[PDB]
Amino acid sequence: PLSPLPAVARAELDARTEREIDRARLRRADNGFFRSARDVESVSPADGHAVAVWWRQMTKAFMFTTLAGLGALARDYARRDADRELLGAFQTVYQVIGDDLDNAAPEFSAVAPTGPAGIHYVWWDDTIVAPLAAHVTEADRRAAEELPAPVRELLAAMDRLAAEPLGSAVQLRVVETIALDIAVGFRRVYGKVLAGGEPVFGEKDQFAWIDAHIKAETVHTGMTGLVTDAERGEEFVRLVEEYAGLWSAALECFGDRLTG
Amino acid sequence: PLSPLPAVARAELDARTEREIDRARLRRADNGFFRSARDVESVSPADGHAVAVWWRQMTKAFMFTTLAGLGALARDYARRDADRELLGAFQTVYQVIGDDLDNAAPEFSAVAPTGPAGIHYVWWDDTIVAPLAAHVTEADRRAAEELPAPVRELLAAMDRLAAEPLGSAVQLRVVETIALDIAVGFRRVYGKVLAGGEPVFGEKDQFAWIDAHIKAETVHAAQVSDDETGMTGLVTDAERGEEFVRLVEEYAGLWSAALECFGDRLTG
Ligand SMILES: C/C=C1/CN[C@@H]1C(=O)O
Ligand SMILES: C/C=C1/CN[C@@H]1C(=O)O
Ligand SMILES: [Fe+2]
Ligand SMILES: [Fe+2]
Ligand SMILES: [Fe+2]
């Protein structure tokens, strides 16, 4: 006795989940980050650096708090009989976390560094943040570490989901929806960073983190498969609404930084 | 501002660790389960089934509580800033426990069923418990689910290490050391289970779970003792390391008693 909801109640949860993402204005043509990334003629080192620092911290927290949420679910399953449908969905979350922690998918391990240098927030720090940091003053660099409030609110939302047995499903459900558009926006943003009139990212291989995410998302037991009763279903939709809105406000904050 | 202990102080913790494993009597020649598995001549369907049920629940709890311990460490790392050598040993936990959940390593991915049927406690249930179950009575299947006290005490400790930031490191450092001996014990024991006159497990493929473990668990033991990306590489201060040895003692001890419980059931 433990199993997913029937496939009809689950499909309704998926449709309500898609509607929360619509209402949060996270779609490609909605969110100020994707619009700005398309619209701006150029991007200063300071602005690109700041956005890169915020992203580094957001993706580090996304990965660790998603794994923590999986652990919370594992605590439960240690003392229940999860059926095989449930276990398949648990495996999926594990496999997906593995992309960011160890480049599990072949599209990542074909280009990412091995060992801890390949952890996505570290690989980002090494190849995106550090070259930008060479073109900003030490005072600029300390200011960027002072995260804006919408970024702090999102990290606080992730800390709360780290304890939630549905937390890893909520986070992956939303992030996988928007990951493609974020990575395309980064490709465009850092393609437009000029320092000495010369591009800061002038070599193809410097975009390897971004192009790998674009490739993986283009090609890439779903997340509602971890919902085991009606009350959890309601809780899932509620956490998706909160989490999606915080993501949208954090990306609007990227967009704001690139404009005005 | 987070890093492991210096190499010297770590290889010292590694030595105190291998010594608590010694004292615990978990070595190939000191634990009653490994001796009995080799020594006994025959094992009844009912006795082999009972141990198979116990092992199912023990390994199920090991995987999930070790995963939960990794989650509790992740929750810490989301707040702090772990240097790369810490992150490296973190990756090892994810990689090692990942085989029980996903059969990533090549020894397993060849033979393991795909998807959830390959989860190791499920694969054990399907290929060891179930064939035995067909040769025991309903009352035997009921009685085997009521776990003996030494097994329950181990499970209860895993439930506590599940919320411990050092919990995955403790459990993997001990279990991966003894895993090979346990798997070799099971190969002996379930070769000697006879029902109706002849063995329950006749074909070589019926040992797939055990055989794959005998091969793979050599490298897993080497992964948890590696002096760069090994389990003591997750210890960040001298106090934490003291807690590590306290918990390894507790855990190696409960693992030894639980395994002796297997041996007694096999002998009488
Ligand atoms: C934060 C979401 C992401 C998809 N994997 C990306 C990363 O590593 O940043
Ligand atoms: C319990 C320890 C083990 C090594 N992996 C084995 C299993 O799945 O049982
Ligand atoms: Fe990633
Ligand atoms: Fe295993
Ligand atoms: Fe192992």
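Proteins get letters first, then strands, A, B, ... in listed order; numbering begins at 1 in each. No hydrogens, no waters, no symmetry mates; every other heavy atom, side chains included, goes into these values.
- Of all heavy-atom pairs between B/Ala68 and A/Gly71, the closest is CB-O, 3.4 Å.
- The choice from B/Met158, B/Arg75, B/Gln91 that makes the most heavy-atom pairs within less than 4.5 Å of chain A is B/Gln91.
- Around CD of B/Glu145, the count of heavy atoms belonging to other residues, nucleotides or ligands within 6.0 Å exceeds 12.
- Note: B/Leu101 CG to A/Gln95 CD = 7.5 Å, rounded to the nearest 0.5 Å.
- Using a 30° and 60° split on the angle between ring planes, A/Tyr94 and B/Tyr94 fall in the parallel class, below 30°.
- Within a 6.0 Å radius of CZ in B/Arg160, more than 12 heavy atoms belonging to other residues, nucleotides or ligands are found.
- Contact annotation for A/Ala89: neither backbone nor side-chain heavy atoms come within less than 4.5 Å of a heavy atom of chain B.
- Proximity to chain B at a heavy-atom threshold of 4.5 Å picks out A/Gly115, A/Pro116, A/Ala117, A/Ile119, A/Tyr121, A/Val122, A/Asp126 from residues 103-131 of chain A, in numerical order.
- The 12-atom threshold is not exceeded at CD of B/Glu146, counting heavy atoms of other residues, nucleotides or ligands nearer than 6.0 Å.
- Heavy-atom distances place both the backbone and the side chain of A/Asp81 under 4.5 Å from chain B.
- Contact of B/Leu155 with chain A is made through backbone and side chain together, with heavy-atom distances under 4.5 Å.
- Here the NZ-CZ distance, from B/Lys60 to A/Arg80, works out to 10.0 Å after rounding to the nearest 0.5 Å.
- Here B/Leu87 contributes atom CG and A/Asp102 contributes atom CG; the two are 11.5 Å apart, rounded to the nearest 0.5 Å.
- Rounding to the nearest 0.5 Å places CG of A/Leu70 at 5.5 Å from CG of B/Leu67.
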